[PDB]
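Okay, here we've got a single chain as structure tokens, the form deposited in one PDB entry, with questions on binding and movement later.
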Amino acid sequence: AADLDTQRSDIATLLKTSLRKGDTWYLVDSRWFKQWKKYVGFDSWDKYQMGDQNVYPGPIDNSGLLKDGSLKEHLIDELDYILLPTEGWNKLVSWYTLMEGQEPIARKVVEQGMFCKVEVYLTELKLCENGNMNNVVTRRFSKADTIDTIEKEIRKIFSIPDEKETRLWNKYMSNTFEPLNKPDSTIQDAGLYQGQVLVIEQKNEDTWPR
């Protein structure tokens, strides 16, 4: 691993990296980060345990951010998690390893009015294929993902061949669906929302089923 001063200095700078739309950032549990900061003497006013095995943070552990059994609700930046850009995540992973069984918590930088934010809570969609509206599978997406990305995922889940033509629809109310005709639109631009049903239909061996 880098020496403790290099870790501190690199991460101090990386925490302040400008938020640029479309960059990927990573969540780090503030419990783990607090230990890390003590161990590296991150702050001038807390070098009391710098280098001590007692505050060595061990492998990165984000289990406290994740629902028992998906992120916990009402997490607050700084208080519950900190945010690092790709380079900073990758460095921490290299130095400490990621705890066994965990996956990184990768998120995109989207717009927040005229500013930006890391999109922490993804959008869950209910996906199904027209042959059977009861065989529904849920997947999470960014609001910056495209309609094409959703369609690619549905086609994978339901084993739809690349050659079969399709039409995508979103539920608007009971038995009332609207076409998603623009594969380049983002989820934001299409107006999709949490828990919304999306259905794909394939053309028949001959025409459209729907």
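The first residue of the sequence shown is number 1, and the count goes up from there. What we label the rigid core is the largest C-alpha set whose atoms superpose within 1.5 Å from one form to the other.
Below, we turn to the form deposited in another entry, even though it does not appear here.
A.B. asks: Please check if residue 80 moves between the shown form and the other one, taking a CA shift of 2 Å or more relative to the superposed core as movement.
C.D. replies: Stays below the 2 Å threshold, so no.
A.B. asks: Does the distance between the two CA positions of residue 19 reach 2 Å or more between the shown form and the other one, the core being superposed?
C.D. replies: Where the cores coincide, residue 19 shows only a C-alpha shift between the shown form and the other one that is less than 2 Å.
A.B. asks: Is residue 139 one of the residues whose C-alpha moves 2 Å or more between the shown form and the other one after the core fit?
C.D. replies: After core superposition, the displacement of the residue 139 C-alpha between the shown form and the other one reaches the 2 Å mark, so yes.
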